[PDB]
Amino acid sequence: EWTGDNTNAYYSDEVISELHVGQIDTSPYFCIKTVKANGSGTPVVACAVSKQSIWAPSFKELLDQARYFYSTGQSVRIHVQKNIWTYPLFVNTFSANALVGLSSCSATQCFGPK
């Protein structure tokens, strides 16, 4: 598996606009909401769950990176795998998107798979 798999979706020139931390089924988790830096379009919501999905090993690193980018408000590319979370109220509140990557973005390109 890889962040950059073409079966994963990504969204460039985004800003992390919201951050949530909580717990589900004995596992800490977090979610982020991202929006286009220019405000156009629909927000992306994605979550990471410490002990769930093939992406569990990256939980700490993505949490830290989300916090960092959230603190700077800089443009990023967000990478997700769709249809991963399955608890219905959790998906309703957030989404089924698993967060699988974050890339810094310049004016012209983003530093990550495309």
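Residue numbers run from 1 along the displayed sequence. Note that the rigid core is defined as the largest set of C-alphas that superpose within 1.5 Å between two forms.
Asks: So if we fit everything on the core, which stretch drifts more in 4 other deposited structures of this protein, 102-110 or 87-95, C-alphas only?
Replies: After superposing on the rigid core, the more displaced stretch in 4 other deposited structures of this protein is 102-110.
Asks: For the C-alpha atoms alone, is the average B factor greater in 12-20 or in 87-95, going by the entry?
Replies: It is 87-95.
Asks: I need to verify one thing: averaged over C-alpha atoms only, is the B-factor higher for 60-68 or for 75-83?
Replies: Stretch with the higher mean C-alpha B-factor: 75-83.
Asks: Among the modelled residues of this chain, does the Cα B factor of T34 put it in the lowest, middle or highest third?
Replies: It belongs to the lowest third of the chain when residues are ordered by C-alpha B-factor.
Asks: Against its chain's modelled residues, does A46's Cα B factor rank lowest, middle or highest third?
Replies: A46: CA B-factor falls in the middle third of its chain.
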